[PDB]
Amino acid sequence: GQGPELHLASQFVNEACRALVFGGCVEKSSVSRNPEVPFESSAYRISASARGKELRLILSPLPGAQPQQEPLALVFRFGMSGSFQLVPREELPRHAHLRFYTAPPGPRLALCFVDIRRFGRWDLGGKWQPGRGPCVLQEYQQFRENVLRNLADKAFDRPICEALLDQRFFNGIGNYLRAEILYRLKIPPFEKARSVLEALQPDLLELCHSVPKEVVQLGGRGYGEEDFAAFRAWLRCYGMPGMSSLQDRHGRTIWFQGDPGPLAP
């Protein structure tokens, strides 16, 4: 997922878990190479926040819960195929790698981290990844300043389409968002990043916020196949007929219209 999907997943966890109470341990599938979550409580609540391409779960025991346990935080990266589902406890999806089980009273549910390809990761810390820049959705002013104050960095020597995937400066931007952002300003994707940005100190850094915010305001992204059609209708550039495509230097497809730009392969 990209920023909008991480944000919608966190909203899903908060709304779906608002009136739920979890109990017992945190179950990992046997094939996941991610760490076991050392947590048990008779009664805990689950809440979430997103920052960029990361999601933080907080496991919060209720007053009196046993064993003695302090709130525990988990940070998830989704990779290519990560998501959260709330499912009936005996109808786990195929790739449910981490599960939180509702306590009784009511229907036994499992909140699941589901990840087909297992490119997703989680850490016990609760800390955001060091080196990831601020969230383009929730920390816009910090994100904007962190870019404009470090244009000398060699990251900005690269084509703008490659720079937009660098999570130290554009935390939350992925493949579809870089195409949609550049399409709206008709910036050639192989323009030098430093050239497009030096001329800024509604612009490119503004769209790094407002474009992904549009995806959030659609809602959906899992969180029927109606909001999947809603998304495909919103896309103007990524994968669309009449658009060009090239491989960047890491073999990721950039969709665009017209001029490929000077640093084109």
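In case it trips you up, residue 1 is the first one in the sequence shown, and so on.
In this entry, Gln201 is separated from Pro202 by 10 or more residues of the deposited sequence that have no coordinates. According to the entry, the deposited sequence places 4 to 9 unmodelled residues between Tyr223 and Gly224. Of the two segments examined, 183 to 191 and 89 to 97, it is 89 to 97 that shows the higher average Cα temperature factor in the deposited entry.
Stretches 145 to 153 and 161 to 169 differ in mean C-alpha B factor, with the higher average recorded for 145 to 153. Of the candidates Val21, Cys25, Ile254, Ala9, the PDB record gives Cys25 the highest C-alpha temperature factor. Within the selection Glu54, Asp227, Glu214, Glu206, the deposited Cα B-factor values reach their highest point at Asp227.
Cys112 sits in the middle third of its chain by CA B factor, as recorded in the PDB entry.
Looking at the C-alpha B-factors along this chain, the one for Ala50 belongs to the lowest third. Per the PDB record, residue ranking by Cα B-factor puts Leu197 in the middle third of the chain. The deposited CA B-factor of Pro265 belongs to the highest third of values across its chain. Looking at the C-alpha B-factors along this chain, the one for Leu59 belongs to the lowest third.
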